[PDB]
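> The structure follows.
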Amino acid sequence: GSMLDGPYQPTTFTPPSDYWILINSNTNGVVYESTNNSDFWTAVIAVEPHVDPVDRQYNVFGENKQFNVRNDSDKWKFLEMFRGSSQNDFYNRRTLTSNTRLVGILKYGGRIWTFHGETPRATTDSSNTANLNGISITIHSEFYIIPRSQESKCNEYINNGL
Ligand SMILES: CC(=O)N[C@@H]1[C@@H](O[C@@H]2O[C@H](CO)[C@H](O)[C@H](O)[C@H]2O[C@@H]2O[C@@H](C)[C@@H](O)[C@@H](O)[C@@H]2O)[C@H](O)[C@@H](CO)O[C@H]1O
Numbered sequence: 225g226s227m228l229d230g231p232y233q234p235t236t237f238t239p240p241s242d243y244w245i246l247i248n249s250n251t252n253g254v255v256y257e258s259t260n261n262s263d264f265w266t267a268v269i270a271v272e273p274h275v276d277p278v279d280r281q282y283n284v285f286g287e288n289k290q291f292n293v294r295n296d297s298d299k300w301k302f303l304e305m306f307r308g309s310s311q312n313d314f315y316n317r318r319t320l321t322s323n324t325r326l327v328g329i330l331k332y333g334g335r336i337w338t339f340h341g342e343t344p345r346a347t348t349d350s351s352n353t354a355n356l357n358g359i360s361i362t363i364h365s366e367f368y369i370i371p372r373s374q375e376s377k378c379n380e381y382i383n384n385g386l
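Count along the sequence shown starting at 1, add 224, and that's the number in the authors' numbering.
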């Protein structure tokens, strides 16, 4: 393969450990939905530039939800919405403000890692789970696969683009 392997078309799958999934977001709305149905639900919402605070409807994990969103940047903003238990409300856990429209997720070392902050200085952070292998993802845009060992490149792509 290539080190940067893709693009792959939208699908649902169980990500392999130790590869970055790099998603080229092409629109507003749900970029991906990821859960193991027990303790980990993350959905990322894309919010186009210059959106004043507004309540929008999104379907996530087959549930209509209303999220208040805003973006006061020229860049796109990606909202990580999380719940760690089925009955809890989703909350906005992390954001990534980005000119490149690339969003990253990785299973590595018992945890899920994602990029947050603001390009070109976006950085990674981890999220815990007691069922890492059970996490599946439905990705609604094209994506790429890059080994964790080449995170340096992944970071470059997240921060400066393809
Ligand atoms: C110390 C370490 O290995 N950190 C890993 C993370 O990689 C770091 O990511 C931060 C942003 O949050 C910085 O970019 C930092 O430079 C990164 O460390 C560099 O790259 C990593 C992959 C290693 O090669 C390290 O030697 C190098 O300095 C990484 O994001 C997470 C999740 O994969 O694991 C951390 O251990």
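Yeah, the Cβ is synthetic: ideal placement off N, Cα and C, and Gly gets one too.
1. What is the DSSP secondary structure of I359, reduced to helix, strand or coil?
2. Considering only heavy atoms of ligand 1, does any lie closer than 7 Å to the CB of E375?
3. Using C-beta distances below 6 Å, list every residue in its chain close to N252, excluding the 5 sequence neighbours before and after it, in chain order.
4. Short check: CB of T321 to CB of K289, under 8 Å?
5. Is the closest heavy atom of ligand 1 to the C-beta of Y315 under 7 Å?
6. Quick check: the Cα distance between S241 and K331, rounded to an integer number of angstroms?
7. Could you name the residues that DSSP lists as bridge partners for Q290?
8. Compare the C-alpha of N383 against each of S297, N357, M227, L326 and name the closest.
9. Could you please give the first and the last residue of the uninterrupted alpha helix (DSSP H) stretch that includes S376?
10. Ordered along the chain, which non-local residues of its own chain (more than five positions away) have a Cβ less than 8 Å from that of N355?
Let me spell this out:
1. coil
2. yes
3. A270, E272
4. no
5. no
6. 5 Å
7. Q281
8. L326
9. Here the alpha helix (DSSP H) through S376 covers 375 to 384.
10. Here the set comprises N260, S262, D263, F264.
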